[PDB]
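Note sheet for the following structure.
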Amino acid sequence: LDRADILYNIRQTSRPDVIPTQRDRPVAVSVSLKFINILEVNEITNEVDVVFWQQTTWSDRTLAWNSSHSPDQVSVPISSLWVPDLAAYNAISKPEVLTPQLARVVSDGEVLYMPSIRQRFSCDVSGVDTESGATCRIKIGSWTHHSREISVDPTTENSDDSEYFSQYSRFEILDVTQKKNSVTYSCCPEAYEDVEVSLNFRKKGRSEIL
Amino acid sequence: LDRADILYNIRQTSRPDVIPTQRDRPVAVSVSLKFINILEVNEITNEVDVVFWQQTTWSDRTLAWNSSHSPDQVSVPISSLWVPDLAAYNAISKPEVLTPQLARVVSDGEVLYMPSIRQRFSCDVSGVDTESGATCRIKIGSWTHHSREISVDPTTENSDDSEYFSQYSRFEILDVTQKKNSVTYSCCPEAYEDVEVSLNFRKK
Amino acid sequence: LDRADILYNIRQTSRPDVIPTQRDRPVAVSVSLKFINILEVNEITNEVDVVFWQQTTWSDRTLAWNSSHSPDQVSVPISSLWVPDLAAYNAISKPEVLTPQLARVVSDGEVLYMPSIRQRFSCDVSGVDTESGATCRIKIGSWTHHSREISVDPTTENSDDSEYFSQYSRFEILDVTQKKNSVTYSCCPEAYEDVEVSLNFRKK
Amino acid sequence: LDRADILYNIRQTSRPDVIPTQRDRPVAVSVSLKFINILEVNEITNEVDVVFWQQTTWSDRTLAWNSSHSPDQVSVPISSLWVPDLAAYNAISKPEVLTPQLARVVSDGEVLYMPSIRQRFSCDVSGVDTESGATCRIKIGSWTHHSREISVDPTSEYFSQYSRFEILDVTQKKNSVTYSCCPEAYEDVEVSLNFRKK
Amino acid sequence: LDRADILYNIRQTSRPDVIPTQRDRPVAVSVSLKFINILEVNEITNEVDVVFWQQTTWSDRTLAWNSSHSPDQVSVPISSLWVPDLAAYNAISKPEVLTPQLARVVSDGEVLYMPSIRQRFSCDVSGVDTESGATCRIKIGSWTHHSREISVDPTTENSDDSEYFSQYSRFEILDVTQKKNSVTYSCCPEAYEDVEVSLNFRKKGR
Ligand SMILES: c1cncc(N2CCCNCC2)c1
Ligand SMILES: c1cncc(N2CCCNCC2)c1
Ligand SMILES: c1cncc(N2CCCNCC2)c1
Ligand SMILES: c1cncc(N2CCCNCC2)c1
Ligand SMILES: c1cncc(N2CCCNCC2)c1
């Protein structure tokens with residue numbers, strides 16, 4: 001098989017609307033935000049404008065192929081793949097996707113989708129201009145799939161938090177932590193999972209001694 | 001049947017442009033706003049910028065399937081389903097849909113579509129900075145289907161007003177009430193139904 | 001026939017790009033603006049931001065069906081229908097369509113398309129803060145179809161001008177009048193019709 | 001033939017991606033801006049916000065039909081037609097197309113596309129508040145078709161009496177320019193808009 | 001062959017989702033920004049609003065045709081072509097594409113896509129109002145293709161930095177330089193290439 005064959009097969013047979021549940025177990029989705037920039041902050045309105053890579057990971061066996069004498073990976077338009085219906089609960093704007101909408105697919109069916117996104121959130125901005133900084137909590141989970149269909153988990157807890165964060169922001173990141181939750185909503189009997197990402201950041205210029 | 005089969009069947013026989021009217025009974029549509037945030041308020045212009053979940057519920061029997069030894073529910077792109085043509089009469093901006101446009105479909109044909117929406121409205125903002133607060137009235141109904149085709153049912157089950165309302169808003173919700181109306185418009189002989197949602201809120 | 005059949009038949013044979021002229025006749029289009037709100041006004045720049053229903057009416061016999069034992073009307077996506085290419089000549093922004101893009105089609109081929117639209121216009125704002133008010137003139141007609149192909153006419157429902165107008169606007173409507181014109185443009189030899197809607201309003 | 005037939009034929013044999021070249025000659029495109037309004041001007045930033053009709057004209061013989069006892073003209077969605085890939089070089093926003101995207105097609109293959117467009121430009125705004133006014137120069141031409149493929153040629157009437165600005169004069173100039181990317185020359189029309197604040 | 005035939009053949013066979021890798025070489029992509037305008041600058045927030053032509057070049061042999069007694073080049077909608085998935089890493093707004101989305105394709109398979117783009121970036125604006133000016137660094141590379149699949153190189157080191165730059169901007173360009181990098185990201189074992197374009201500019205008027 002060559003890349004053309006693999007992509008043909010995927011385009012023809014992937015079922016983008018079909019969640020790749022295996023043996024009635026939930027699709028395990030890993031989610032992780034890599035913060036790139038903090039553009040605007042409003043301590044009056046408690047709103048923040050942020051850029052981050054939404055590193056998203058899951059397995060879809062229907063995409064798999066025999067790679068013994070073939071490419072190990074391909075890039076695939078997400079329009080040709082099932083993607084988790086993740087949403088930020090406290091987002092107050094549509095996700096502005098900054099990057100080409102392609103996912104990386106490995107021959108065993110592992111998928112990595114990691115778009116860079118600019119989005120505004122409603123969260124706690126108080127203390128942003130102090131040493132202690134503010135802690136903006138961002139809640140992400142499947143909008144319509146409950147816990148027997150999608151589970152969400154934070155990816156690896158090890159990584160430079162500012163690895164990709166802009167040195168030119170007026171802000172700096174003090175700490176990023178992630179927490180998993182399972183919540184019942186009044187609309188529905190089922191529990192839905194989410195990841196809460198706590199972004200601890202401050203404005204540059206209040207850790208001064210002199 | 002597995003999920004792939006069900007979704008295949010729905011996609012193939014989906015008639016998204018066909019209202020699932022049963023024996024010339026109107027399609028009963030339930031509508032409910034769960035307020036998430038109040039972003040901007042202008043007492044001069046009487047305009048508010050709001051985020052809410054638009055919980056929308058109705059039955060479409062053409063979607064139903066035998067779930068004996070099959071999944072009980074699936075998520076479906078609304079592009080594959082008929083959806084009520086609801087509109088907010090006093091909205092002054094296009095609905096900004098914040099969330100993935102999927103509905104939840106139960107095997108008996110019950111549909112739940114509940115997008116998070118940001119939208120601006122023209123309404124009464126006076127008193128927003130008093131302890132009595134302002135009462136912003138939002139009117140939602142079918143744009144083109146009269147009461148013999150769509151009825152809008154304003155009843156809510158188990159929901160507290162601020163249940164999903166952001167603790168970080170400059171505003172707090174005092175009360176949310178819903179009222180059903182049936183209105184005749186000069187263009188047309190038929191009555192069209194709407195739900196009016198009265199949002200009583202104030203600045204913290 | 002049921003709704004599914006009717007909508008199927010329409011989708012399969014509508015021909016959205018084909019103006020439904022019968023014999024030697026223009027398609028008669030009725031146009032009428034029902035003002036809902038006046039959001040922003042600038043007396044310096046002579047610009048206004050307005051919300052209105054653009055009530056649009058015409059007949060397309062190719063849509064017609066025998067309604068003997070069948071539904072008398074259906075809602076149809078305008079993407080499946082021929083629609084008049086109307087434009088506001090003095091609009092300075094794209095029409096922001098606020099409502100679901102469906103038209104109402106009667107079994108005899110009569111179509112009613114009435115979206116709510118927000119749009120900015122260049123017009124005379126002088127006097128807006130006086131008792132006499134300002135008179136903003138809005139010009140609407142077919143962009144590409146001359147008078148032998150499309151005729152436009154004011155339809156009046158002599159409803160209240162303020163019938164659907166928001167009580168929460170900072171403005172009030174004093175009067176709305178409509179005038180029909182036939183104009184020749186230097187580009188082309190034929191006359192093109194338009195309706196001029198004169199909105200007389202003032203600041204409260 | 002009736003309108004339905006003609007539009008059917010055009011839709012079915014529409015090669016919107018195929019430039020209607022005949023005999024190795026360039027498609028002659030006429031362009032002309034009819035200014036409707038000048039909405040915002042910034043003399044500090046040298047930016048103007050303008051509304052104009054972009055009157056665009058060319059011939060496509062593949063659209064032609066025998067109009068013996070048939071309609072002489074039809075309106076056609078531009079999605080069903082080849083359209084010149086014109087762009088304003090000094091535009092700083094996407095063209096906002098205000099009008100229905102239909103072209104008028106005559107039975108001999110002549111096409112007239114004339115949308116009303118709102119767009120912002122970078123140009124010389126200095127002098128706008130003098131009696132001499134400012135002269136904002138707008139440069140339009142095929143983005144990807146050189147002069148052997150597309151030639152461009154020029155062709156207060158419709159200008160709003162309610163604008164804060166008035167037009168003193170409009171002149172058009174044709175140019176042929178070579179760009180460092182490519183060996184061929186690309187043609188453009190430069191429209192000079194002389195206007196002032198009332 | 002005439003233009004209609006060529007375009008038909010391309011549309012019918014081009015495979016837009018398939019990277020035209022030849023014999024396990026990466027597709028060599030050249031990228032170069034020709035700056036047209038600098039519209040807004042914010043030295044407090046370190047954000048700039050810029051217009052530039054994103055001159056993008058690569059070879060796709062599957063597009064090739066015999067051009068004996070045929071046209072040597074055609075313009076093709078990019079929707080009918082595979083295009084590199086380039087992105088500016090420090091862009092803070094979606095690319096606003098100002099121009100018709102057509103690429104120029106030569107009969108040997110060489111492609112030139114050069115849209116004019118308006119986009120906002122996060123970069124170093126400090127010094128913009130000095131004689132020395134600011135240097136805004138813009139990082140562009142394949143979002144999902146590593147170095148064995150896409151290599152990126154500056155179209156050239158030899159250029160007039162200001163040939164198409166607007167004389168009506170409030171800013172002037174002092175210098176443009178380009179640097180190639182190969183970076184490993186914590187998500188993945190492979191290296192991804194980028195071009196860093198350093199825009200040295202200042203506000204006019206000393
Ligand atoms: C079903 C269909 N559409 C949306 C939801 N919800 C409530 C459960 C958790 N996700 C947010 C919206 C549930
Ligand atoms: C028919 C076609 N399009 C819109 C309407 N209306 C009048 C009925 C109530 N809904 C608002 C618009 C009616
Ligand atoms: C033909 C094709 N495109 C636009 C027009 N016009 C001129 C006739 C009056 N209508 C406005 C635009 C005519
Ligand atoms: C070829 C492909 N893409 C863009 C261009 N150019 C240079 C020729 C003149 N038009 C501007 C862009 C040429
Ligand atoms: C694979 C799939 N999606 C995103 C990436 N990345 C990391 C490699 C460098 N490019 C940015 C995003 C890689």
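Lettering follows sequence order; numbering is per chain, from 1. In listed order, ligands and their atoms are each counted from 1. No hydrogens, no waters, no symmetry mates; every other heavy atom, side chains included, goes into these values.
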Is the gap between the ring centers of A/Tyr185 and A/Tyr89 under 6.0 Å?
yes

Measuring only between side-chain heavy atoms, which start at C-beta, is [X] closer than 4.5 Å to [Y]?
X        : Y        : value
A/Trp143 : B/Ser116 : yes
C/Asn181 : C/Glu196 : yes
B/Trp53  : B/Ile117 : no

Just by distance, no angles: are the side chains of E/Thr144 and E/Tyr192 close enough, under 3.5 Å, to form a donor-acceptor pair?
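There is no such pair between these side chains.
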
Any donor-acceptor pair under 3.5 Å linking the side-chain atoms of A/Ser122 with those of B/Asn37?
yes

Every pair of nitrogen or oxygen atoms between ligand 3 and the protein that is under 3.5 angstrom apart - can you list them with their distances to 0.1 Å?
| from | atom 1 | to | atom 2 | distance (Å) |
| --- | --- | --- | --- | --- |
| ligand 3 | 6 (N) | C/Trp143 | O | 3.2 |
| ligand 3 | 10 (N) | C/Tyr89 | OH | 2.9 |
| ligand 3 | 10 (N) | C/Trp143 | O | 2.8 |

